[PDB]
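Here's the structure, in structure tokens; my notes come after.
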């Protein structure tokens, strides 16, 4: 576990988990290669009714209807696969640790989803993995993929 590091924009190598300590609602990260992959994660505070909210992602002011009906936080993965398609809520991570993870490896993006403490990983395909950069809005850490067991622990139970 290396970090914490301050909010920034960069392109991580493959084979490292980025573990973001989300401490603000709104946009947690923005990741794209500008060709076939866009994901922005949006943090939602507990006990929220279906309310529309504005989110400036990839320089675009977007509107999403969100609703977190769980003592836990909700992290929604907004995805689109072309610049012209609408974002959709592809995956959600419900957690009380407020940690979000992203890994680039094997040519596909890996993230955690489901509900803590039993969130697990899932993958997304791309034709240009190397080009996917990330703007991180919160203090984050880096953990090698060889220590994924620890990343999983952190995701589901905290630092």
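Note that each Cβ is placed from the backbone with ideal geometry, even for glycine, and that neighbours are counted across all protein chains shown. Every read-out reported here was derived from the displayed coordinates using simple, explicitly stated rules and does not represent laboratory data.
A few notes on this one:
- Taken as a whole, segment 96-109 holds at least one residue that is under 19 Å from residue 36 (Cβ atoms) and touching a helix residue (DSSP H, G or I) at 6+ places or on another chain (Cβ under 9 Å).
- Wholly within segment 1-112, strands (runs of 3 or more DSSP E) carrying at least 3 residues that are buried (at least 18 other Cβ atoms within 10 Å of the Cβ) and at negative phi: 16-21, 26-32, 38-44, 73-80, 88-95, 99-105
- Residue 131 being farther than 12 Å from residue 154 by Cα, surrounded by fewer than 16 Cβ atoms within 10 Å (Cβ to Cβ) and free of Cβ contacts under 8 Å to residues at least 40 places away in the same chain: no
- Residue check for residue 143: under 12 Å from residue 39 (Cβ atoms) and part of a strand (DSSP E or B): no
- Test set (1) over 16 Å from the mean Cα position of the chain (by Cα); (2) free of Cβ contacts under 8 Å to residues at least 60 places away in the same chain - residue 150 fails condition number: (2)
- Residue check for residue 121: under 13 Å from the mean Cα position of the chain (by Cα), surrounded by 17 or more Cβ atoms within 10 Å (Cβ to Cβ) and over 13 Å from residue 20 (Cα atoms): no
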